[PDB]
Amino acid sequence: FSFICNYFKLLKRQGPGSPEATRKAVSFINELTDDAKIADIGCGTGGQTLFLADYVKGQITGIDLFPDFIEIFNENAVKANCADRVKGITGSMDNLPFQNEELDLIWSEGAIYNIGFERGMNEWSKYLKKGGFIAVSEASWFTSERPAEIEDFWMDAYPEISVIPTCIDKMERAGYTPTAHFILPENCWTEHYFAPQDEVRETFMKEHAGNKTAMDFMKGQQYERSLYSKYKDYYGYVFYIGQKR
């Protein structure tokens, strides 16, 4: 991910979502206090972390593997006048810097796939307080059968993808009460994820026009939009909310 990550740090969001989606996910947890501790795993540049900060109270800690994203994250916190309660730090998903039952809420949008839905659910449970909440958005299937094309894509990119029922089953096994789930509206993909990339598509085309690897990356981005604008009825992002029992 050489220039791949330098490309995404130019976007407000590195994955599908929306202020409304983050807000809807919050409507399912309990109200927190300024002393509550929250963690946004795979926060990226923190686009959704700031939406979250607007809907909940407490000290938020953003964690991401790419340091360049954290730099932007902390820069945005300052600009947003909330760097005192919202801080970003580089870290790994399979080695979180928290103590047992330290957090009131675990947040993660389009990032848990990096360690697997099931694995994440179980391993992150340790860091959550009794009665605490977890909210993550994951790519899932909306039906039991779908076209081969979309399927081959996901079984290659993210083999752990599954139907909603299976995702909820794993939450229970992980010791979470399946509080709620909802499919993110399409605008979370087009308006907040794809559209933003088209804007910088021309400046990008002019700078990397003569570079194979770069241009290939472009075909990929375009192929994603095609898959979505043709299979949106068979898959998408889903928000899962659970409370640790």
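When you see a residue number, it is the position in the sequence shown, counting from 1.
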According to the deposited model, is the average Cα temperature factor higher in 38-46 or in 216-224?
216-224
Regarding 73-81 and 108-116, which shows the higher C-alpha temperature factor on average in the entry?
73-81
Would you mind checking which of 209, 56, 188, 63 has the top Cα temperature factor in the PDB entry?
209
Highest CA temperature factor in the entry: which of 183, 32, 180, 205?
205
When the deposited Cα B-factors of this chain's modelled residues are ordered and cut into thirds, is residue 164 in the lowest, the middle or the highest one?
lowest
Among the chain's modelled residues, which third holds the C-alpha B-factor of residue 174?
middle
Chain thirds of CA B-factor: placement of residue 135
lowest
Record-listed C-alpha B factor of residue 18: chain third:
lowest
Sorting the chain's CA B-factors, does residue 128 end up in the lowest, middle or highest third?
middle
